[PDB]
Amino acid sequence: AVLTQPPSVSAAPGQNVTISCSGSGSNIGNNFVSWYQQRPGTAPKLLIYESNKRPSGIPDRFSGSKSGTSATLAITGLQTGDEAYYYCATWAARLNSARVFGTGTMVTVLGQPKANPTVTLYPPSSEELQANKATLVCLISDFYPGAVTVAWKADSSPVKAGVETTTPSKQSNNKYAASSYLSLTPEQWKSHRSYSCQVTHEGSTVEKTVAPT
Amino acid sequence: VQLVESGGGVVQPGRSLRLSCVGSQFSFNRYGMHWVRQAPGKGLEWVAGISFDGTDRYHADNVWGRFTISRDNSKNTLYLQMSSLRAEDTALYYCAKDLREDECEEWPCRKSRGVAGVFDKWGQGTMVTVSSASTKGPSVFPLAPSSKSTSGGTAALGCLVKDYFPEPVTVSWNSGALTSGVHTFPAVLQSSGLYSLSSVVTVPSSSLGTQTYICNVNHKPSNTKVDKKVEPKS
Ligand SMILES: [Zn+2]
Ligand SMILES: [Zn+2]
């Protein structure tokens, strides 16, 4: 079981944003929810506890609500320091291989125009195949805001095993970059007609495809 | 309120490790405590929890039967005894304080409030790495341009730097004579403990029959350098 959150939300300074946390039932539906903030190179910080109560020192901009199996965090008057990751949590969600924390969500304070990712997908080199290894490489560059969702497919089928993906990183031109690798046996590689890398960013998904020679 | 973690280093699978978190500037004996972990660069994951006196212990199912949380209030110290480590246990381990202030009401403690499951204070954390990998240099493979690039526009050519340890690795192109059509990406932590990254450069397609392109990888921790020529091939 999981507390699913949106991968990302974005807004200009001063605007309002909302973040959802959906579960059940046995967790949210009958239990308190807490929200935590985490800025890049620091430790998490409690923003909300008992659904809507703030600890001391937390701006009144941050508010929490809860309805049915969904909880919600709300930030009014977005400031630049609000750009961070946000996680929802409930102490009930530990009880069956389930995760206490949400997924969670990246909040972006817009400070430049949005940019769609340039996606490049490389098949395994012949040199790597002669070494009895196959690695598919998906490179995603020059996108903003810095949040993407990468998914792999083998022909029409979805893939999750053998996949590793990096967190987005700030390039020199203030835009973001990321990469995803799909590690593979030449048998697996040759067994399908094609493999595809699907990158999702801002209501758009670009899929690139490669096939055995 | 201060939480300081320690004990986190590199370690091999199957073996063991004991993490420690010392707390100060608060009544450590009145609050429950939690161990929470964060693998890079992912989300938070609650590992273990303990009440103020240690009568009530909680462990995630990921670690049930191989991790054990404990505390010594006489020394204001929290302990996480990890055994049978796995590569999946590789993460940054945070010590976190439970929100609820607790005292015993009836006489272990018969009647109590218990932990709340809310983490109001954290402590930067200590890194635990599980890898059976000793120091070794990378294998470099060419990421060749698309065949459908001949004449006209542009082409992305790169090199894949695979299976090395530890960090860091650096990549240049043509000995520094080529510095921007260029992206060098962060590395990934493969399941084998070994690291991998890629570097790509975008150039004109007409230049792919005259100009030679070479990626220069440097991996100092293993005293290795690798120069790889990236050809269009057929
Ligand atoms: Zn670029
Ligand atoms: Zn297939």
# chains A, B, ... in the order shown; residues from 1 in each chain; ligands from 1
$ residues_around --residues "residue 210 (chain A)" --least-positions-apart "4" --cutoff "10 Å" --atoms "only C-alpha atoms" --output "list in words"
residues 121, 122, 123, 124, 136, 154, 155, 193, 194, 195, 196 and 197 of chain A
$ write_last_selection --atoms "N, CA, C and O atoms" --output "PDB file, in the first residue's frame"
ATOM      1  N   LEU A 121      17.813   8.470 -26.813  1.00  0.00           N
ATOM      2  CA  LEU A 121      17.851   7.080 -26.376  1.00  0.00           C
ATOM      3  C   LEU A 121      18.866   6.298 -27.189  1.00  0.00           C
ATOM      4  O   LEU A 121      18.758   6.202 -28.414  1.00  0.00           O
ATOM      5  N   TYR A 122      19.844   5.730 -26.491  1.00  0.00           N
ATOM      6  CA  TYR A 122      20.891   4.948 -27.126  1.00  0.00           C
ATOM      7  C   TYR A 122      20.735   3.455 -26.827  1.00  0.00           C
ATOM      8  O   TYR A 122      20.587   3.061 -25.647  1.00  0.00           O
ATOM      9  N   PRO A 123      20.811   2.618 -27.883  1.00  0.00           N
ATOM     10  CA  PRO A 123      20.832   1.164 -27.700  1.00  0.00           C
ATOM     11  C   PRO A 123      22.193   0.698 -27.193  1.00  0.00           C
ATOM     12  O   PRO A 123      23.123   1.507 -27.091  1.00  0.00           O
ATOM     13  N   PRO A 124      22.320  -0.600 -26.884  1.00  0.00           N
ATOM     14  CA  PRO A 124      23.605  -1.125 -26.428  1.00  0.00           C
ATOM     15  C   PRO A 124      24.613  -1.117 -27.574  1.00  0.00           C
ATOM     16  O   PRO A 124      24.268  -1.453 -28.709  1.00  0.00           O
ATOM     17  N   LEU A 136      20.704  -0.004 -21.972  1.00  0.00           N
ATOM     18  CA  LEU A 136      20.004   1.027 -22.733  1.00  0.00           C
ATOM     19  C   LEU A 136      20.108   2.324 -21.968  1.00  0.00           C
ATOM     20  O   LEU A 136      19.891   2.345 -20.749  1.00  0.00           O
ATOM     21  N   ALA A 154       9.105  -2.574 -23.114  1.00  0.00           N
ATOM     22  CA  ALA A 154       9.657  -3.569 -24.025  1.00  0.00           C
ATOM     23  C   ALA A 154       8.550  -3.953 -24.992  1.00  0.00           C
ATOM     24  O   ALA A 154       7.611  -4.671 -24.630  1.00  0.00           O
ATOM     25  N   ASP A 155       8.667  -3.455 -26.220  1.00  0.00           N
ATOM     26  CA  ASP A 155       7.568  -3.474 -27.179  1.00  0.00           C
ATOM     27  C   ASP A 155       6.332  -2.853 -26.523  1.00  0.00           C
ATOM     28  O   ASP A 155       6.377  -1.705 -26.088  1.00  0.00           O
ATOM     29  N   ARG A 193      11.140  -6.860 -30.114  1.00  0.00           N
ATOM     30  CA  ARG A 193      11.311  -6.138 -31.371  1.00  0.00           C
ATOM     31  C   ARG A 193      11.922  -4.774 -31.107  1.00  0.00           C
ATOM     32  O   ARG A 193      12.692  -4.258 -31.914  1.00  0.00           O
ATOM     33  N   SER A 194      11.561  -4.181 -29.978  1.00  0.00           N
ATOM     34  CA  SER A 194      12.033  -2.846 -29.642  1.00  0.00           C
ATOM     35  C   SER A 194      11.933  -2.581 -28.148  1.00  0.00           C
ATOM     36  O   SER A 194      11.234  -3.280 -27.418  1.00  0.00           O
ATOM     37  N   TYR A 195      12.654  -1.561 -27.711  1.00  0.00           N
ATOM     38  CA  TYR A 195      12.541  -1.037 -26.359  1.00  0.00           C
ATOM     39  C   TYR A 195      12.316   0.461 -26.475  1.00  0.00           C
ATOM     40  O   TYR A 195      12.835   1.107 -27.393  1.00  0.00           O
ATOM     41  N   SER A 196      11.558   1.008 -25.534  1.00  0.00           N
ATOM     42  CA  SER A 196      11.188   2.411 -25.576  1.00  0.00           C
ATOM     43  C   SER A 196      11.388   3.076 -24.230  1.00  0.00           C
ATOM     44  O   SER A 196      11.144   2.484 -23.170  1.00  0.00           O
ATOM     45  N   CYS A 197      11.823   4.325 -24.305  1.00  0.00           N
ATOM     46  CA  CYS A 197      11.994   5.191 -23.153  1.00  0.00           C
ATOM     47  C   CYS A 197      10.922   6.281 -23.216  1.00  0.00           C
ATOM     48  O   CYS A 197      10.881   7.046 -24.179  1.00  0.00           O
TER      49      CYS A 197
END
$ residues_around --residues "region 194-211 of chain B" --least-positions-apart "4" --cutoff "8 Å" --atoms "only C-alpha atoms" --output "PyMOL selection string"
chain B and resi 131+133+149-167+171+180-190+232
$ interface_residues --of "chain A" --to "chain B" --cutoff "6 Å" --atoms "only C-alpha atoms" --output "list in words"
residues 43, 46, 91, 97 and 167 of chain A
$ write_last_selection --atoms "N, CA, C and O atoms" --output "compact mmCIF listing (two decimals), in the first residue's frame"
# COMPACT_ATOMS: atom_id res chain seq x y z
N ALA A 43 17.87 18.40 6.27
CA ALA A 43 17.02 17.37 6.84
C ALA A 43 15.56 17.81 6.75
O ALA A 43 15.27 19.01 6.68
N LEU A 46 9.09 19.21 10.02
CA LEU A 46 7.65 19.08 10.22
C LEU A 46 6.91 20.39 9.91
O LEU A 46 7.20 21.42 10.50
N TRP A 91 0.89 7.44 10.78
CA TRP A 91 1.50 6.40 11.60
C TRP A 91 0.78 5.05 11.43
O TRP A 91 1.26 4.02 11.91
N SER A 97 3.52 -4.00 5.11
CA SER A 97 4.48 -3.74 4.05
C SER A 97 4.16 -2.42 3.35
O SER A 97 4.58 -2.18 2.22
N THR A 167 18.08 11.57 -10.12
CA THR A 167 17.30 12.73 -9.76
C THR A 167 17.72 13.87 -10.68
O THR A 167 18.88 13.93 -11.10
$ select_by_dssp --residues "region 2-232 of chain B" --states "strand (DSSP E or B)" --output "PyMOL selection string"
chain B and resi 2-6+10-11+17-24+31-38+44-50+57-59+64+67-72+77-82+91-101+106+111+119-122+126-130+136+139-143+154-165+170-173+182-184+188-189+195-204+214-219+224-229
$ closest_atom_pairs --of "chain A" --to "ligand 1" --cutoff "10 Å" --atoms "only C-alpha atoms and all ligand atoms" --output "Markdown table"
| residue | atom | partner | partner_atom_place_in_ligand_line | distance |
| --- | --- | --- | --- | --- |
| A:117 | CA | ligand 1 | 1 (Zn) | 9.5 |
| A:118 | CA | ligand 1 | 1 (Zn) | 7.6 |
| A:140 | CA | ligand 1 | 1 (Zn) | 9.2 |
| A:141 | CA | ligand 1 | 1 (Zn) | 5.9 |
| A:142 | CA | ligand 1 | 1 (Zn) | 5.7 |
| A:143 | CA | ligand 1 | 1 (Zn) | 9.4 |
| A:171 | CA | ligand 1 | 1 (Zn) | 9.0 |
| A:172 | CA | ligand 1 | 1 (Zn) | 9.8 |
| A:173 | CA | ligand 1 | 1 (Zn) | 9.0 |
| A:175 | CA | ligand 1 | 1 (Zn) | 9.3 |
| A:176 | CA | ligand 1 | 1 (Zn) | 9.8 |
| A:177 | CA | ligand 1 | 1 (Zn) | 9.0 |
$ residues_around --residues "residue 64 (chain A)" --least-positions-apart "3" --cutoff "6 Å" --atoms "only C-alpha atoms" --output "ChimeraX atom specification"
/A:51-52,72-73
$ write_last_selection --atoms "N, CA and C atoms" --output "mmCIF file, in the first residue's frame"
data_model
loop_
_atom_site.group_PDB
_atom_site.id
_atom_site.type_symbol
_atom_site.label_atom_id
_atom_site.label_comp_id
_atom_site.auth_asym_id
_atom_site.auth_seq_id
_atom_site.Cartn_x
_atom_site.Cartn_y
_atom_site.Cartn_z
ATOM 1 N N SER A 51 -3.290 16.603 11.001
ATOM 2 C CA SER A 51 -4.062 17.060 9.845
ATOM 3 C C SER A 51 -3.979 18.564 9.550
ATOM 4 N N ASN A 52 -4.161 19.421 10.555
ATOM 5 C CA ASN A 52 -4.247 20.870 10.303
ATOM 6 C C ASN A 52 -3.548 21.757 11.327
ATOM 7 N N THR A 72 -4.824 16.963 2.151
ATOM 8 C CA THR A 72 -4.364 18.040 1.287
ATOM 9 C C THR A 72 -3.537 19.076 2.039
ATOM 10 N N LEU A 73 -2.408 19.451 1.442
ATOM 11 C CA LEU A 73 -1.570 20.527 1.956
ATOM 12 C C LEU A 73 -1.749 21.743 1.068
#
$ closest_residue --among "B:226, B:10, B:21, B:215" --to "residue 95 (chain B)" --atoms "only C-alpha atoms"
B:21
$ residues_around --residues "region 78-88 of chain A" --least-positions-apart "5" --cutoff "10 Å" --atoms "only C-alpha atoms" --output "PyMOL selection string"
(chain A and resi 3-5+7-8+10-17+19-22+33-40+44-49+51+61-62+71-73+100-111) or (chain B and resi 43-44)
$ closest_residue --among "A:213, A:199, A:2, A:50" --to "residue 100 (chain B)" --atoms "only C-alpha atoms"
A:50
$ decode --residues "region 108-135 of chain A" --atoms "C-alpha atoms" --output "CSV table (one decimal), in the first residue's frame"
chain,number,residue,atom,x,y,z
A,108,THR,CA,8.6,24.6,-7.9
A,109,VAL,CA,8.6,28.4,-7.6
A,110,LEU,CA,8.7,29.5,-11.2
A,111,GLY,CA,11.6,31.8,-12.0
A,112,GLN,CA,12.1,31.1,-15.7
A,113,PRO,CA,10.1,30.0,-18.7
A,114,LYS,CA,9.1,26.3,-18.9
A,115,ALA,CA,11.2,24.1,-21.2
A,116,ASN,CA,10.4,20.7,-22.6
A,117,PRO,CA,13.0,18.0,-22.3
A,118,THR,CA,15.3,16.9,-25.1
A,119,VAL,CA,15.2,13.1,-25.0
A,120,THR,CA,17.9,10.9,-26.5
A,121,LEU,CA,17.9,7.1,-26.4
A,122,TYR,CA,20.9,4.9,-27.1
A,123,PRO,CA,20.8,1.2,-27.7
A,124,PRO,CA,23.6,-1.1,-26.4
A,125,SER,CA,26.9,-0.7,-28.3
A,126,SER,CA,28.2,-3.7,-30.2
A,127,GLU,CA,31.3,-3.5,-28.0
A,128,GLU,CA,29.2,-4.0,-24.9
A,129,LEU,CA,27.3,-6.9,-26.5
A,130,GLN,CA,30.6,-8.6,-27.3
A,131,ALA,CA,31.2,-8.4,-23.6
A,132,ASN,CA,27.9,-10.2,-23.0
A,133,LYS,CA,26.1,-7.2,-21.5
A,134,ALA,CA,23.3,-4.8,-22.6
A,135,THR,CA,22.6,-1.3,-21.3
